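# Below is the sequence, then the experimental coordinates.
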Amino acid sequence: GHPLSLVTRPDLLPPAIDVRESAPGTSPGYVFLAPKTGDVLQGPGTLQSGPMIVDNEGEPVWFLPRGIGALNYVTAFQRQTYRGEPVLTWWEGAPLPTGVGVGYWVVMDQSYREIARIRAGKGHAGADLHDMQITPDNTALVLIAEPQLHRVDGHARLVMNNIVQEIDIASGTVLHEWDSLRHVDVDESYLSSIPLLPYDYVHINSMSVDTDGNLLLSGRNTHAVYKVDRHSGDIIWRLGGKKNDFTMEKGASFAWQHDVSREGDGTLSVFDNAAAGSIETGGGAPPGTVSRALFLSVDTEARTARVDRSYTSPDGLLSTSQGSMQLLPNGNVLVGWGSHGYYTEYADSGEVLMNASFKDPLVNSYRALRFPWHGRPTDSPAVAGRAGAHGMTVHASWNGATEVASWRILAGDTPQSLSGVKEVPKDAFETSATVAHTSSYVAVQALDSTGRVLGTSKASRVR
Ligand SMILES: [Mg+2]
Ligand SMILES: [Mg+2]
């Protein structure tokens, strides 16, 4: 059971989260999630989906119920930077039965207003859902996944081509385009053939910029990371896979991986699912295999790779798809367990600091990522007053507000004769408070930690 019931916001039913552990040293800031449920037919009836920012207790801070099952599927929510400003980004669109999506990426500023929409170049239906990254030059790496007739074993075969476009965000112009079928051979795939589906031979699911400005592309179904020349498109090297360029130390190989990036300590992070579904692979996976969040010491001059350090779930999870990892500024590591609706923050030493899961066991998030966030909502707090036997309860919330520390409660016989009766700390998304004297109207003011008024609700008739 996940639905959170809110007196002030009957329209918001955010999924509940169970935080089973929260030692001190957990990082500040917020966890960014896009809760979803896979069922096309029943999804909308069991879950309100959309981007969600929660605190270290699992309480929502902002929730935008934008997702509609598989009608408007929302995923891959995070914070990025555009023109030096913090922005929110996610994908919304149509998930297709072939395993890819057709949609676009929303860009929203700190006041929760849409400032741009990042689309695949014209001549394509839209962009796939597995990643989009805003580069230091304010261009977007976008992925297009489309079926294409290709010669596979002398006999033509429908294959899922992956095209990576670099898009100037302000203008929408395509600056660069990289076509996987022109560079990566279909026989590099580990994927078992699934009858009557396009052969999803590479399945790019992460695109990022390395320190030299070239691209790093994670190919799930080739088990490989491609470094690609930013300008020529030539493959610079292959890490992993059937044409591996690197000498791998014991334990450094990954499989069916996600979320690859260059990290500030010089390592390359790889979420190593270590397994996929039974059909897409040969059959089941070896008993006892688990997923790991992996930091690789990759020496590209010597073409060697070894494990610097890794982190596994305290719950023994094997995630057959999705997932994420993030190195945080204090040295902590946050891991989202993908197909499993869990996320875990560790100290560098590997000690579990925070472990959480969706209360509903069918809900998960593609990624779970932590960022500072300062919301600047442009609406007002919502309020509600409920008369009781010997008093009344006042409820207050302000979706998107991050700086509310306290609530001042106002009450009076008329909207124009409200007076301050009480101040209480904020202790939830929606905070409740009881007051002895029941009045006819109420309002609330949100106060920051210095006591300054951030916003005021409308007057609300008690009920
Ligand atoms: Mg070579
Ligand atoms: Mg990552």
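It's in. Numbers count the residues shown, from 1 in each chain. Ligands and ions are numbered 1, 2, ... in the order given.

# So out of everything in the stretch 201-350 of the chain, what residue is nearest ligand 2?
residue 259 (4.3 Å; Cβ to the ion). Every C-beta, even on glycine, is put in place using the N, C-alpha and C of the backbone.

# any idea which helix or strand carries that residue?
strand 258-262 (DSSP states H and E).

# which neighbours does that strand have in its sheet, and in what orientation?
strand 268-272 (antiparallel) (DSSP bridges).

# Please save the CA atoms from the partner strand in CSV.
Provided in CSV are the C-alpha atoms of strand 268-272 (Å, rounded to 0.1, in the frame of the first residue of the first chain):
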residue,chain,number,x,y,z
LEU,A,268,34.8,4.8,-14.3
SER,A,269,31.5,3.9,-12.6
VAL,A,270,29.4,1.1,-14.0
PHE,A,271,26.2,-0.3,-12.5
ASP,A,272,26.9,-3.9,-13.2
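
# now check the following helix or strand past that strand, is it near ligand 2?
Going down the chain from strand 268-272, the next helix or strand is strand 292-299, by DSSP H and E. No. Residues of strand 292-299 contacting ligand 2 under Cβ under 5 Å from the ion: none, with a closest distance of 8.8 Å.

# Report the inter-axis angle for strand 292-299 versus strand 258-262.
40 degrees (axes from the mean of the first three to the mean of the last three Cα atoms, to 10 degrees).

# What lies in contact with strand 292-299?
239, 246, 252, 254, 263, 265-272, 274, 304-312, 325, 327, 333, 335 (Cβ atoms under 8 Å, 6 or more residues apart in numbering).

# What of stretch 2-21?
Contacts of stretch 2-21 with the rest of the structure, by Cβ under 8 Å, 6+ apart, involve 1, 35, 47-48, 52, 54, 56-58, 60, 63, 65, 352-360, 363, 382-384, 386, 395-397, 399, 429-430, 432.

# Can you classify the closest residue to residue 213 other than its chain neighbours as helix, strand or coil?
Of all residues not flanking residue 213 in the chain, residue 230 sits nearest, at 5.3 Å (Cβ to Cβ, 6 or more residues apart in numbering). Here residue 230 is recorded as coil under DSSP: H, G, I helix; E, B strand; the rest coil.

# so what's residue 230 up against?
Counting by Cβ under 8 Å, 6+ apart, residue 230 has contacts 176, 209, 213, 214, 215.

# ok, now which ones touch the nearest residue to the last one once chain neighbours are set aside?
If I follow you right, that is residue 215. Among residues not flanking residue 215 along the chain, residue 228 sits closest, at 4.3 Å (Cβ to Cβ, 6+ apart). Contacts for residue 228 were tallied using Cβ under 8 Å, 6+ apart; they are 164, 178, 183, 214, 215, 216, 217, 234, 235, 236.

# Ramachandran angles for the closest residue in space to the fourth one that isn't next to it in sequence?
Right, the one you point to is residue 214. Spatial nearest neighbour of residue 214, excluding adjacent residues (Cβ to Cβ, 6+ apart): residue 230 at 5.0 Å. The phi/psi pair for residue 230 (degrees, to the nearest 10) reads phi -60, psi -30.

# same check, this time on residue 46
Dihedral angles (degrees, to the nearest 10) for residue 46: phi -110, psi -10.

# Tell me how far it lies from ligand 2.
As judged by Cβ to the ion, to the nearest Å, residue 46 and ligand 2 stand 29 Å apart.

# Near the nearest residue to that residue once chain neighbours are set aside, how many other residues are there?
Setting aside the residues directly before and after it, residue 46 is nearest to residue 37 in space (Cβ to Cβ, 6+ apart), at 5.9 Å. Using other Cβ atoms under 10 Å, residue 37 has 23 other residues around it.

# do residue 105 as well
Residues contacting residue 105 under the criterion other Cβ under 10 Å number 26.

# same deal with residue 260?
If you count neighbours by other Cβ under 10 Å, residue 260 ends up with 27.

# what do you get for residue 151?
Neighbours of residue 151 (other Cβ under 10 Å): 10.

# Now for the nearest residue to it once chain neighbours are set aside: which residues touch it?
Closest residue in space to residue 151, ignoring its immediate chain neighbours: residue 157 at 7.1 Å, by Cβ to Cβ, 6+ apart. Contact analysis of residue 157 by Cβ under 8 Å, 6+ apart lists 149, 150, 151, 186, 199.

# so how far is stretch 443-458 from its chain's centroid?
Relative to the mean C-alpha coordinate of its chain, stretch 443-458 is positioned 30 Å out (Cα atoms, centre = their mean, to the nearest Å).

# what does stretch 188-206 give?
With Cα atoms, centre = their mean as the basis, stretch 188-206 stands 24 Å off its chain's centre.
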